[PDB]
Amino acid sequence: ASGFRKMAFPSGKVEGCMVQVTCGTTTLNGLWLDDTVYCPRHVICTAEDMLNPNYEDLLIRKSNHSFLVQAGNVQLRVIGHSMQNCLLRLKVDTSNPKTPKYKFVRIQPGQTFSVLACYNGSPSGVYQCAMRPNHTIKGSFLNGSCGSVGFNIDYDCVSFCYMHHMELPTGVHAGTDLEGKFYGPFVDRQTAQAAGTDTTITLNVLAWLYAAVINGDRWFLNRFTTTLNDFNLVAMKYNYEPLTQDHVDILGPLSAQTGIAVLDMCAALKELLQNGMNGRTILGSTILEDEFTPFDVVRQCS
Amino acid sequence: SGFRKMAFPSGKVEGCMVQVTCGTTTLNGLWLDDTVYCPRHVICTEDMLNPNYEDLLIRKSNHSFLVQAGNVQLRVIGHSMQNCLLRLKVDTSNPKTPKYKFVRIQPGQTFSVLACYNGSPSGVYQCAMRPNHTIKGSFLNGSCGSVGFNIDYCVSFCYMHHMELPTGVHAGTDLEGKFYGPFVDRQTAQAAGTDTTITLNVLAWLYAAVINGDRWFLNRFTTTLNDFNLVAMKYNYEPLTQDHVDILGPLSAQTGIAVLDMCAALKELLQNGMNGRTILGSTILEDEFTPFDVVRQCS
Ligand SMILES: C[C@@H](NC(=O)[C@H](Cc1ccccc1)NC(=O)OCc1ccccc1)C(=O)CCO
Ligand SMILES: C[C@@H](NC(=O)[C@H](Cc1ccccc1)NC(=O)OCc1ccccc1)C(=O)CCO
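Conventions we followed
Residues numbered from 1 in each chain as written, not as in the entry; some residues may be left out. Chains lettered and ligands numbered in written order. Heavy atoms only, no water. Residues with missing side-chain atoms left out of burial classes, pairs and counts. Pairing = 2+ DSSP bridges. Helix = DSSP H or I, 4+ residues; strand = E, 2+ residues; numbered from the N terminus. Axes fitted to C-alpha atoms, helices over the stretch in contact; angles between N-to-C directions. Domains from an automatic or database assignment. Contact = heavy atoms within 4.5 Å. Nonpolar A, V, L, I, M, F, W, Y, C, P; charged D, E, K, R; others polar. Buried < 20%, exposed > 50% of the residue type's maximum accessible area, 1.4 Å probe, protein only. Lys, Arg positive; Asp, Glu negative; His and termini not counted. Salt bridge = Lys/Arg side-chain N within 4 Å of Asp/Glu carboxyl O. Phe/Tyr/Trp six-rings, centres within 6.5 Å; stacked < 30°, edge-to-face > 60°. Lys NZ or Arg CZ within 6 Å of the ring centre and 35° of its normal.

- Structure determination for this entry, per the PDB record, employed X-ray crystallography and reached 1.800 Å resolution.

A few points about the sheet that holds strand β6 (residues 76-82) of chain B
All names here are of chain B.
Move 1: Ordered in space as β5-β4-β1-β2-β3-β7-β6, the seven strands form an open sheet in which the pairing is antiparallel. The two strands at the open ends of the sheet, each matched to only one other strand, are β5 (72-74) and β6. Strand-to-strand twist in this sheet, taken as the mean axis angle between neighbours without regard to direction, amounts to 30°.
Move 2: In terms of strand pairing, strand β1 (residues 17-22) meets strand β2 (residues 25-32) through six bridges, oriented antiparallel. Looking at β2, one finds that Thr 21 is bridged to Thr 26.

Regarding the domain arrangement of chain A
Residues and elements named next belong to chain A.
Move 1: The domains assigned to chain A are domain 1 (1-15 + 101-198), domain 2 (16-100) and domain 3 (199-302).
Move 2: Using C-alpha coordinates to define each centre, domain 1 is positioned 19 Å away from domain 2.
Move 3: On the side of domain 2, 28 residues touch domain 1, which itself brings 34 residues to the contact.
Move 4: Secondary structure elements with two or more residues in the side of domain 1 that touches domain 2: α1 (12-15), β8 (101-104), β9 (112-119) and β12 (157-167).
Move 5: Among the residues making up the side of domain 1 that touches domain 2, the classes are represented as 13 nonpolar, 13 polar and eight charged.

Concerning the pairing of β9 of chain A
On a regular strand, each side chain points to the face opposite its neighbour's, so the side chains alternate between the two faces of the sheet.
All names here are of chain A.
Move 1: In terms of burial, β9 is largely enclosed, as seven of its eight residues are buried.
Move 2: Both β9 and strand β10 (residues 122-130) contribute to a ladder of eight bridges, which runs antiparallel. From the neighbouring strand, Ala 117 faces β10, where its bridge partner is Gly 125.
Move 3: Where β9 folds back onto β10 in an antiparallel hairpin, the turn is made up of two residues, including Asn 120, whose phi is positive at roughly 55°.
Move 4: Pairing geometry for β9 and strand β11 (residues 149-154), over three bridges, is antiparallel. Across the sheet, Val 115 pairs through a bridge with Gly 150, a residue of β11.

Remarks on the side chain of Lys 270 of chain A
All names here are of chain A.
Move 1: One can find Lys 270 in helix α8 (residues 262-275).
Move 2: Among buried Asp, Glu, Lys and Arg side chains, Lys 270 stands out as unpaired, with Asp 230 the closest opposite charge at 5.4 Å.
Move 3: Those residues within four positions of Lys 270 in sequence are excluded, and the remaining contacts are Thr 226, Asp 230, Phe 231 and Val 234.

Structural notes on the packing of aromatic side chains
The relative placement of two aromatic rings is captured by the distance of their centres and the angle of their planes.
Move 1: Summed over all chains, the structure comprises 16 aromatic pairs over all chains.
Move 2: Taking 6.3 Å as the distance between ring centres and 65° as the angle between the ring planes, the aromatic pair formed by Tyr 127 of chain A and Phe 141 of chain A counts as edge-to-face. Residue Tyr 127 of chain A is found in strand β10, and its partner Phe 141 of chain A is found in the loop between β10 and β11; the two are separated by 14 residues along the sequence. Like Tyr 127 of chain A, the residue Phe 141 of chain A is buried in the burial classification.
Move 3: Plain terms: the ring middles of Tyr 37 of chain B and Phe 102 of chain B are 5.3 Å apart, the flat faces sit at 90° to each other, and that makes the pair edge-to-face.
Move 4: By way of ring pairs, the aromatic residues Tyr 38, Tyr 102, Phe 104 and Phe 160 of chain A are connected into one cluster.
Move 5: One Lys or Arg, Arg 41 of chain A, reaches over the ring of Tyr 55 of chain A and ends 3.8 Å from the middle of that ring.
Move 6: The side chain of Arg 299 of chain A reaches across the aromatic face of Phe 9 of chain A, ending 4.6 Å from its centre.

Next up, the structure:
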């Protein structure tokens with residue numbers, strides 16, 4: 001066993017759910033599960049509308065015939081519509097036989113998921129990312145990628161956690177869950193909203209340092225330990241998220257796999273933050289990586 | 001602003017992965033039409049010190065191979081060896097067979113790997129064939145037979161995984177069963193040679209940066225190819241050839257920045273570092289995006 005990669009879930013179960021939704025001159029992606037298509041509600045909006053849209057008002061002026069849904073080049077007739085928070089739910093007259101076992105999950109900041117980038121209902125690529133502490137994603141989404149989704153897979157069950165809606169002024173991305181509720185304080189209208197202060201996901205950096213040790217990188221270890229409190233006093237000065245006992249407990253399995261006490265790994269991290277990596281690498285990286293969860297590491301190394 | 005290395009969507013390949021078990025050895029196979037392709041060392045144990053594969057395969061019958069496609073057993077009705085692969089004929093043509101071709105990839109080129117265990121896909125990631133004919137993968141026990149691929153409109157299979165080398169990098173074959181590099185499927189002293197940075201791809205990534213609006217590193221100067229190679233080779237970069245300069249033609253056209261002018265920018269970056277700044281959000285020069293990747297993503 002060797003190597004460590006930013007790995008995404010295989011995307012096939014999600015590929016079979018992607019469709020195109022068109023309303024007026026706006027086209028974006030939808031998610032087709034059973035007899036329902038989910039997509040961002042701003043598909044119904046004019047540029048003037050975006051604006052200061054009242055979505056109940058804009059929606060009541062649609063019918064079913066206002067929505068063109070296509071799987072490939074085959075139209076799916078819309079037989080009903082409704083809004084749920086910032087999503088539209090379109091009922092179509094055919095069921096998708098490729099619908100996987102699935103659920104809708106609202107993820108927490110710091111958690112990771114795979115994104116299937118799509119344009120015009122066609123999968124383009126797949127990548128793994130993390131939900132930042134500030135509820136943005138550092139994604140890769142070009143014009144027309146709205147409605148692309150984020151997901152995890154436990155065996156044969158797909159947990160959908162993200163649907164893409166917008167790009168913020170800093171070039172980061174924002175998004176709803178599959179109940180249409182935004183992650184973070186963002187709204188689907190044209191206003192001067194901005195990504196909040198972000199932090200490094202400490203739990204994930206510690207996970208990745210465990211990954212390095214599993215992979216044979218130990219140069220950053222030392223003979224010291226720390227208390228949680230003393231660690232946080234240091235880490236917080238470097239814009240790291242405060243580390244809690246729950247996070248310490250989460251790292252349990254990896255500490256037992258490697259035989260390095262969590263607080264001894266925290267001591268290593270403290271040293272790296274204070275002294276840097278002059279100019280060495282960990283798992284080939286020159287920076288401390290924070291987009292692998294403890295669970296991610298356990299999965300990839302076990 | 002917002003660049004990610006992406007893998008191809010893996011669904012077309014997932015539909016082709018099966019489990020192949022021969023005795024106590026299980027690995028993955030690729031089921032296309034009525035043939036399953038897998039590493040020939042599925043028939044091996046100790047054998048791996050000096051395997052006479054012909055002889056070992058003499059003592060197997062079709063019945064020796066258990067192939068499992070999800071919950072279904074595919075009856076093996078024929079078997080043969082082709083270079084370092086077994087080809088098992090099965091009684092069922094894969095209903096999920098995509099349009100496909102087998103290609104042999106060149107050093108520096110990229111592909112997506114679908115990591116599989118027990119015939120079940122577990123993850124997908126993008127990687128490059130290193131100049132030393134290895135890949136820097138992530139593979140656990142049981143991953144043998146996992147495949148690498150690109151998709152164009154058509155799935156081009158380019159890699160099948162066979163082994164881990166002493167430094168933790170990975171070696172495998174094309175889909176005709178010929179190894180990339182000098183490696184052999186037996187237990188030797190074999191080791192990866194020294195590797196270099198993939199200059200062509202670093203240049204590609206700098207063009208990507210420019211296309212995306214990150215252009216602080218550009219200057220008003222140029223270099224000859226030879227003078228660039230004198231400098232770059234000191235930093236363990238692959239020598240740049242006139243063929244590589246041509247491959248960057250479309251990106252150079254698109255941006256209006258001559259290749260040798262971009263080489264002048266890279267030379268300054270190598271000789272002076274980034275002085276704090278980042279390129280495409282990175283603090284290092286990325287070498288696993290090809291010119292074709294850049295074009296594909298930025299369209
Ligand atoms: C349907 C399309 N939606 C947009 O363009 C959204 C609509 C919107 C949502 C919420 C608040 C304001 C505006 N606009 C939006 O994200 O505006 C900024 C932007 C920056 C960079 C690239 C593209 C766009 C897409 O497919 C966007 C994908 O980039
Ligand atoms: C069936 C399995 N194959 C192996 O273990 C192959 C068999 C082999 C192929 C070619 C030459 C010699 C030996 N062995 C192999 O890769 O040995 C090197 C190694 C393995 C594990 C940890 C460290 C080093 C796999 O699933 C390979 C994936 O790990």
